[PDB]
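Asks: Using only what follows, build the 3D model:
(chains A, B, C, D, E, F, G and H, ligands or ions: 3)
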Amino acid sequence: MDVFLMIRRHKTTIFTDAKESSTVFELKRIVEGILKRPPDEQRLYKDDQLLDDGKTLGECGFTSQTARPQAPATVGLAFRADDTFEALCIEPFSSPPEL
Amino acid sequence: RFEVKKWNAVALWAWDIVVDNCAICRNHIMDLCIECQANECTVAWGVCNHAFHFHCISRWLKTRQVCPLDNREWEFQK
Amino acid sequence: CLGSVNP
Amino acid sequence: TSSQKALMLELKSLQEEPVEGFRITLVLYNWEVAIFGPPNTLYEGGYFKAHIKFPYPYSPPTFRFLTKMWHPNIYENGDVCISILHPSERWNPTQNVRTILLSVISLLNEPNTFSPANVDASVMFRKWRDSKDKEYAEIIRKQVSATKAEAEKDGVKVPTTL
Amino acid sequence: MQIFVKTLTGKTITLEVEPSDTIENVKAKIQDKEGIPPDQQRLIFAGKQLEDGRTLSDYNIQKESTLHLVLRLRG
Amino acid sequence: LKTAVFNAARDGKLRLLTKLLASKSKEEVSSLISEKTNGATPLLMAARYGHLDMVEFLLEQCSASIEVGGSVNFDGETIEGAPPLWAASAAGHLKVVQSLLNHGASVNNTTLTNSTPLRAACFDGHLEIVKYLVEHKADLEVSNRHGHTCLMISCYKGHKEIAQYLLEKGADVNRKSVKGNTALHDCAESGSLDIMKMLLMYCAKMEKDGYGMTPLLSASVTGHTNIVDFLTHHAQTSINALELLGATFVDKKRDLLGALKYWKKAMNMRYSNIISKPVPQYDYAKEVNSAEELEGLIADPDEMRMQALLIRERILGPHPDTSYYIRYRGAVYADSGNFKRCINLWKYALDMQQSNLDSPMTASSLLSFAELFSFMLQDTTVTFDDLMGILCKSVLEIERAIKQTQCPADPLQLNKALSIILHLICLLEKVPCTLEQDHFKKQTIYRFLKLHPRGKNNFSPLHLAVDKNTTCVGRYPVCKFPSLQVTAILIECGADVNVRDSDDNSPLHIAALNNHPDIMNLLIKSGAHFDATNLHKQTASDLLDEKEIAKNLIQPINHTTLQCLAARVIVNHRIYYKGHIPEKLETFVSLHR
Amino acid sequence: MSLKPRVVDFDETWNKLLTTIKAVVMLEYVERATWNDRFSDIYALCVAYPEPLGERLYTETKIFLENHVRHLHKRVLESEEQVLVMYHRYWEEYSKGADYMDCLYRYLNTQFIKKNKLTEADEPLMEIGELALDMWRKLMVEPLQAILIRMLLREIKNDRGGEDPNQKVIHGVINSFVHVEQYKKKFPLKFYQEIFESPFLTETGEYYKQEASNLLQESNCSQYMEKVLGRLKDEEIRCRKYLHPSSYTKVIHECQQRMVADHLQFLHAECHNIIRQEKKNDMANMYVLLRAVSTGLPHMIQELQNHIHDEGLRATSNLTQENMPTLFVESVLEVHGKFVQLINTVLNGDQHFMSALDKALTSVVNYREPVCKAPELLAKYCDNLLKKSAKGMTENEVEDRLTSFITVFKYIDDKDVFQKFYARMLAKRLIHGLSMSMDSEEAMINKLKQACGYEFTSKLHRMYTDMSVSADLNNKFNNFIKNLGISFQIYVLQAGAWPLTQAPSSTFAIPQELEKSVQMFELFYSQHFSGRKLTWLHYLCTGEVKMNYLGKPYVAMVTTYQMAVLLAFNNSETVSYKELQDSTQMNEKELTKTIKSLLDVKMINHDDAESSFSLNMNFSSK
Amino acid sequence: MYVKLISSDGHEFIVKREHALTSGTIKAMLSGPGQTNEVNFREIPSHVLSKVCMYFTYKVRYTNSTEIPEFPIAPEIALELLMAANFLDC
Ligand SMILES: [Zn+2]
Ligand SMILES: [Zn+2]
Ligand SMILES: [Zn+2]
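Replies: Residues are numbered from 1 along each chain as shown, chains lettered A, B, ... in the order given. Ligands and ions are numbered 1, 2, ... in the order given. Here you go:
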């Protein structure tokens, strides 16, 4: 029942694994491990909805059928500049030339 | 004059009656089978004057029926 | 009574 | 090996009380049984040798000669063809050894021509029975000379009367 | 006179017969004294088959002699 | 409908058909008469079975099925293209022939083998039909496709009256068939000394056929002493002719005294002055040349047997007879428990046969070898040298057959030979021998596989090894196929693993069709594409059954790469990869469809 | 910018490849980035659209490796007697470089190189690491062979004592011979085997021949053994310090063969002498190195057998007191135990020497002064063990002694003689009620059955079951009879089980009430079971007579003969010999014996043929 | 315990080391005088690397095993995928 995720920030992309009962504070520990930032300065997103740091991947969604290994789901992130907030940003991948 | 109170004696016995044996397993009739000797079973009889074994006659009954000397029939009763 | 041949 | 005791008892009984043409020098599993030349018929002037590798009431033995023979009911390698050696009345589980030897010594007296094994010997013996071939007589005389030489070398020759 | 015959069961028996009875009669006596039909009988004496249609005198069988009884056989 | 009008014509019920022919008109009464009922026609069956009353009525309705060739049965065999007159003749139905002719049937219409009504009546010997056909302009000298004349077949079947009548009516006594056979030979082969004497009354000349045989020799081969005795005093024949039958006796009748009767009348006149005999270049027979040494012959049978073999081989010259008799004596000795000498007599026979038939029966000798080996080894111990020799002589025939380029080899004898070779390899697999000849046998297998042979359905030697139908090994306990050990040597020797048959299949496909996990694992380890696409766009994995071998047997995700995943999209959408990829991957795409 | 097939210059690519390719072989610092960038150049060169070029890359790399190996050859040859030190460093560097280069050329390896000919035939193209190792082999095959082998053999000749040569250098130099790994077809070790294993084995053989001669020049067999064992252990420990783990067996085999086989005559005399004496620490030391030297045991085993046989004969008949069979068993047990303990303690098993002990024992057991006495004493011992009561015999020890006696029984050759004696003892014990416990008899019969065979011991089991059946049939007849003034206890015996089947020849008459008792018993037994004739024996039936006519009443436990005599005397006080003879029918010898036994205590008196005896009231006893 | 990959456009992708060692070329590029370590590529577009990384977490999860889904490949990147698979030997 383990879900598969794929996090992005600008051009950066991280591939990870998690269990369907895992808390947000657990995923934002692997995120801290991959790139060294404290877990208190991240605002993990989904679409345009901020994720509360109390869910267990149940209320936010991320079922075991919408996040299959060959079709991972999308989750964003946004760090801080020590003064104010920074909006989410993702630039797309290079498109096929003409198909 | 003299008298007696108790008398003890011994005696030997043998089927000095049938005066025969088993022609299949080649032993005396009042003797154990070789398969039985490899370690209580009885002895069978035939409608003929021939008296056969029990385990020998069963083992050959798994293949045929009649007397091994007389290819006629089998009774097994007495 | 093998010879599995024929003329 | 359960029947070895009974086989040995029968061997001892027959050794103590032979009947006719039954000499055993057993060393059964390797019975070096010897067959004698009963008189008042063909050959009879020599004593043969034979072997058996009997593997008893269900599995027939394998009677094999040593000196070659020339008559219809024998295989030239070493074997004889006898109906009671193959499972109406054929190979009853009883009648183990004495009947077999009696049948063999009877069969080496008038071979069956309806179903032969050595066809050349069958034709030659049929011609002799029709009668004068002398080929069967010649080969018989030669082989009895050889067997008499062997018996003089080892053992004692079989007399005409007992 | 009398002759001796050895049956297949190892036991030995004797028959009171004269040199005039036929071989068929001999086989019949062996049957009644033992219990084996004549069709499955073969008499051998001095290593020779005893034909049914004959008599003991044809084979020069003296008294006190011995006869071996075996089963039948073919080619 | 018409299938009922004809089965009453065959069975002859005349009252039934008259009422089925009153319930229909005269225009469609002809359509049912021209039936295809089990290959024949109502009028044909009406003649084969002699139903005169119904054949006459059948013809009053429509005389147009009268020369139709259909199927007939005689002696169990079936004859194609036989017209009704021919069939009425072969059966003896004299009055059916007379009626058929009075309605204007051709006395000359034959079967497909070109057998005339005249020849048909000569076979079973219907003299009165023969006379009638001759009187109605039959041609005495039309023969079947082999050139066998009426007179010939009449002599072969021993019909003296008919043969006389045919000669009386002017038949040519000296016809030769295509194989060079003459009526004088048919007398010899049937022992018809009578008819031979009659043919000589017409100055019949005594000739060799294609096989080089005179009637005198032909009578010796087939064993007819009356001819051979008659011809040893005929001035038209030149000791030599009365010594092959002596060995023929030992071959056929096995009467040793009959043979000793001769070789003495064939040696007293040989010396009654001296003549020598050709020397050789088998047990070292060294046939007897001295009469004094030719006195002890019934003393031993083996000397007589080998001398007879030698004289037959010498005089007859290498022909099915001599090889047949050599293999005959070999088989007899093998039956009589002389396995050492019984095998040696067969290799010489095979060598002799490897000259005149560069054959339907060379494979027969090979399979007889295989049967003997299977009997011997299934328990004297089998020696490695003889088995190697038989394997090399087996490969030689295939190499000779394929090497010539003058006609394709029909794919069934090649299949039989390949099955024999595979069985031989399986037998070789479990005989212990040292390492000085393991390299030799492996080199032989390498040179055999490098020939690139083909079989039934354009099959490869690996295909047969991974096929269950190849298990035809004989009538003896076991050489079961497919087996791991037999194919192990095949891949270990250098056999191609990605060869394609007519159906565009691969070894892996045939292995998967029979659900054998070990064979498939071995092939994949050796190297073969798991995604090969056959003619009807199928893969190897999709050809699986049940669940036990479907699951946990072979996992497909292990033997599949992204390279082989991206090829499927290209071949399903036709993206024209012609010049946009490196040249190496073009074949990869072309095979990974 | 794209992985599409392209056309590119060649000299510009090689001028950049040759710079990185040089640092990899020689193990210099290459930047991480350049290592990744260089991977694309090989792929680009391998898929150029017009005239793809991989053959040129292969040939140029071959040239480079050849030049490098030749330069290293020259530099290491100009070494001035320091070949070993330089060769090792260069070999380490080259091996690491070749592995890394094989890593770098992966695409050319997988795409082009795997287009060689075949396995074998049953200039050639090879991979990159294989080619580099081949070039090093061409460096080290024709030159630097004699010098390297000579220096290595000089080191393993300074073997004996001396200083401590650098283990790392020598081990690496020897290991270099086995680093041809891609060559795996029935012979991955041929090069090492020939080139090194021949001279090393020859040198070791010569050296240890000389050492063995020198050692034997000034030592005896008690001292030669320890030194041999020391020098055959030092070689073992120092063979795993320099060589490859496939030459230990051969080196030890050669050393052992040379020494022991060449000097095998010296040790045979010593082993002949010391087996007689104790020499507790000598058999093990000699055996440990005589076991493996071809065939030398057949002498030691034979002399051990001879010593055991002589020691046994020194006790089995030394005293011959002819009063106690138990001494025989005690002595055999002591000898067997001592020898088995010694062999298991010193020789470490050696089933062959157990067989030798067995062969000596089966000959001492049948010791004889020109039949064997062993069966009689064994049977007497078994009987005397199972007696009624004596001293303090206990039933928890007789089983233990029987479990030891079976060992002595195993060695008896005359198996059939023992059966008769034991059967007689068992019959006399059972048909007289002198046994101790029936459970013990079952134990003895079970041990004999499990040691000998089922068919060999059927008769005694039949007798035991017959005793049980008689015990039951007594009660059965007691119940069935009442449906006789003499108390009854009968025994029903078999026919072939009981070896007392003497054919009767005396028709003795039967007492009066015995007739009615016999009739009743016969009819009742026939009713209970039919198909058996019950014979009567007159020589074991013993009754008793209770007399009260004299002053002291007496009880005479007496067999049937004297009861018949007393019954004949019942009618008249005086009975003559004629009526004594005609009252029964038997051989006169038995009647005379009975009369003489009666007169021995003189319960009757005489006043022959017609002698008239009479009752004697003048005899009294207890 | 992860490796970093860079495409030809400027995207940084991160996968696990055991996942990345499925392809022989990456194993060779890491085994040598090269061993967060960046394996830089200069001939691979973003939309092909983003798919090969996803395929990496497909042969490490469904190995030695049910209802295995079929890998989806868009028809518009098939040629690039075939070219890149040969280079990466995945
Ligand atoms: Zn029985
Ligand atoms: Zn039983
Ligand atoms: Zn009966």
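Asks: how far does the helix or strand residue G:329 falls within sit from the chain's center?
Replies: Using DSSP states H and E, residue G:329 falls within helix G:326-346. Chain-centre distance of helix G:326-346: 18 Å, with Cα atoms, centre = their mean, to the nearest Å.
Asks: List the contacts of it.
Replies: For helix G:326-346, the external contacting residues (Cβ atoms under 8 Å, 6 or more residues apart in numbering or on different chains) are G:280, G:283-284, G:287, G:308, G:311-312, G:315-316, G:319, G:321, G:350, G:353-354, G:357, G:361, G:364-365, G:374, G:377-378, G:381, G:384, G:404-405, G:407-408. C-beta here means a position set from N, CA and C on the backbone, and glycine is covered the same way.
Asks: can you pull out the strands in chain B?
Replies: If DSSP state E is used as the criterion, the strands of chain B fall at B:6-14, B:21-22, B:27-28.
Asks: could you dump the longest one to PDB, C-alpha only?
Replies: Included here for strand B:6-14 are C-alpha records, laid out as PDB according to Å, rounded to 0.1, in the frame of the first residue of the first chain:
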ATOM      1  CA  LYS B   6       0.200 -86.800  42.900                       C
ATOM      2  CA  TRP B   7       1.500 -87.700  39.400                       C
ATOM      3  CA  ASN B   8       3.100 -85.400  36.900                       C
ATOM      4  CA  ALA B   9       3.900 -86.300  33.200                       C
ATOM      5  CA  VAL B  10       4.600 -84.800  29.800                       C
ATOM      6  CA  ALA B  11       3.500 -85.700  26.300                       C
ATOM      7  CA  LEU B  12       4.400 -84.900  22.700                       C
ATOM      8  CA  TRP B  13       1.900 -84.100  19.900                       C
ATOM      9  CA  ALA B  14       2.100 -83.900  16.100                       C
END
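Asks: Check whether it comes near chain G.
Replies: Yes: Strand B:6-14 lies within reach of chain G by Cβ under 8 Å from any Cβ of the partner chain, at B:6-14.
Asks: What pairs with that strand, parallel or antiparallel?
Replies: Here strand B:6-14 is paired, per DSSP bridges, with strand G:487-493 (parallel), strand G:533-536 (antiparallel), strand G:542-547 (antiparallel).
Asks: The longest helix seen in chain B and chain D, are they touching?
Replies: Longest helix in chain B by number of residues (criterion: DSSP state H): helix B:55-61. Yes: Helix B:55-61 reaches chain D (Cβ under 8 Å from any Cβ) through residue B:60.
Asks: Can you confirm whether that helix lies near ligand 2?
Replies: Yes: shown here: helix B:55-61 in contact with ligand 2 (Cβ under 5 Å from the ion) through residue B:55.
Asks: and that helix, C-alpha only, in PDB?
Replies: Provided in PDB are the C-alpha atoms of helix B:55-61 (Å, rounded to 0.1, in the frame of the first residue of the first chain):
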ATOM      1  CA  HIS B  55      -0.600 -67.000   2.600                       C
ATOM      2  CA  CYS B  56       0.800 -69.000  -0.300                       C
ATOM      3  CA  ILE B  57      -2.600 -69.700  -1.600                       C
ATOM      4  CA  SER B  58      -3.700 -66.100  -1.200                       C
ATOM      5  CA  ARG B  59      -0.600 -64.900  -3.000                       C
ATOM      6  CA  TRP B  60      -1.300 -67.200  -5.900                       C
ATOM      7  CA  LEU B  61      -5.000 -66.300  -5.700                       C
END
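Asks: what's next to that helix, contact-wise?
Replies: By Cβ under 8 Å, 6+ apart, the list of residues contacting helix B:55-61 reads B:22, B:24-25, B:33, B:35-36, B:41, B:44, B:46, B:68, B:74, B:76, D:57, D:93.
Asks: Which member of these is positioned nearest residue G:539?
Replies: residue B:22 (34.0 Å; Cβ to Cβ).
Asks: right, and the helix or strand after the longest helix seen in chain F?
Replies: Counting by DSSP H, the longest helix found in chain F is helix F:384-403. Where DSSP H and E defines the elements, the next helix or strand beyond helix F:384-403 is helix F:413-429.
Asks: Buried residues, that next one. List them.
Replies: Neighbour-count burial for helix F:413-429, counted by 16 or more other Cβ atoms under 10 Å in any protein chain shown, picks out F:413-428.
Asks: counting contacts, what elements does it pack onto?
Replies: helix F:362-377, helix F:384-403, helix F:438-449, helix F:461-465, helix F:484-493 (3 or more Cβ pairs under 8 Å, 6 or more residues apart in numbering or on different chains; DSSP states H and E).
Asks: Of those helices, which stretch is the most buried?
Replies: Ranked by mean neighbour count, those are led by helix F:461-465 with a mean of 24 (mean count of other Cβ atoms under 10 Å in any protein chain shown).
Asks: Thought residue B:47 was touching residue B:77, still the case?
Replies: Yes: if you go by Cβ atoms under 8 Å, residue B:77 and residue B:47 touch, sitting 7.4 Å apart.
Asks: Between these two, which has more neighbouring residues?
Replies: residue B:47 (14 against 8; other Cβ atoms under 10 Å in any protein chain shown).
Asks: follow-up on the earlier one: so how far is the helix or strand just after the helix holding residue G:329 from its chain's centroid?
Replies: Using DSSP H and E, the helix or strand that follows helix G:326-346 in sequence is helix G:351-364. Offset of helix G:351-364 from its chain centre (Cα atoms, centre = their mean): 13 Å.
Asks: now swap in stretch F:301-313 and tell me
Replies: Mean-position distance between stretch F:301-313 and its chain equals 29 Å (Cα atoms, centre = their mean).
Asks: same deal with stretch F:259-279?
Replies: Taking Cα atoms, centre = their mean, one finds the center of stretch F:259-279 at 39 Å from the center of the full chain.
Asks: residues contacting the residue in the stretch 251-400 of chain F positioned nearest to chain A?
Replies: In the stretch 251-400 of chain F, the residue that lies nearest chain A is residue F:398 (52.3 Å; Cβ to the nearest Cβ). Neighbouring residues of residue F:398 by Cβ under 8 Å, 6+ apart: F:414, F:417-418, F:421, F:448, F:451, F:453.
Asks: Could you measure from it over to residue F:430?
Replies: 24 Å (Cβ to Cβ, to the nearest Å).
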